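Only one chain is shown below, in structure tokens, and it's the form solved without the ligand.
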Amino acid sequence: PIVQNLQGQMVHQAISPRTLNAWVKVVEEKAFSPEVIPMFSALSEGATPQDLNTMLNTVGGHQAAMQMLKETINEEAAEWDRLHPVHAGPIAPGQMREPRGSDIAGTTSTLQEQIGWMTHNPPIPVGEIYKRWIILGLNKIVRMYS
């Protein structure tokens, strides 16, 4: 995630196995009950899309749920692309490109690009946006198994 240190500066750190273990735990012990959603939110504070994918990977064992999640993400990504079509052109040095749906999902973007967008002036909070899509997916999964 991207967190603030004591020197007021936003710095990146990899997702902690402590956090990952807590996520794996909530799912493996409660299996997509409604509780998994608030837990996912609590554990994903400041997360990059990369962090979120790491979290989702650790529970890839639940294949049906994971496919539902991936498809929800695809749909949300498409809607993002419909509403926010990317400026497909030359960009001057000092500037950076705009993210498409698959960039927000961390599929076609690097960690450095993700950090770049999250800390740009002005920013695009790609982690928060992706988290939104994932939570929509989690809600679908919770309904499915309700």
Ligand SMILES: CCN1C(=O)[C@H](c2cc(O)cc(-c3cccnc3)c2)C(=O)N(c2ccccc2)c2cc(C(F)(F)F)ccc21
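Shifts are known only where both forms have a C-alpha. Counting begins at 1, following the sequence as shown. We call the rigid core the largest set of C-alpha positions that still match within 1.5 Å between the two forms.
Keep in mind that the form deposited with the ligand bound is not shown, yet the notes after this line are about it.
In the bound PDB entry, the ligand sits within 4.5 Å of a heavy atom belonging to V142. The ligand is not shown here, but in the bound PDB entry it comes within 4.5 Å of a heavy atom of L138. Interface membership of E79, defined by any non-hydrogen atom within 4.5 Å of the ligand in the bound PDB entry, is ruled out.
In the bound PDB entry, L111 stays away from the ligand, with no heavy atom inside 4.5 Å. Contact residues in stretch 49-84 (any heavy atom within 4.5 Å of the ligand, taken in the bound PDB entry) are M55, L56, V59, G60, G61, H62, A65, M66, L69. By the rule of 2 Å per CA over three or more consecutive residues, the rigid core superposition between this form and the one not shown yields shifted runs at 21-23, 59-61.
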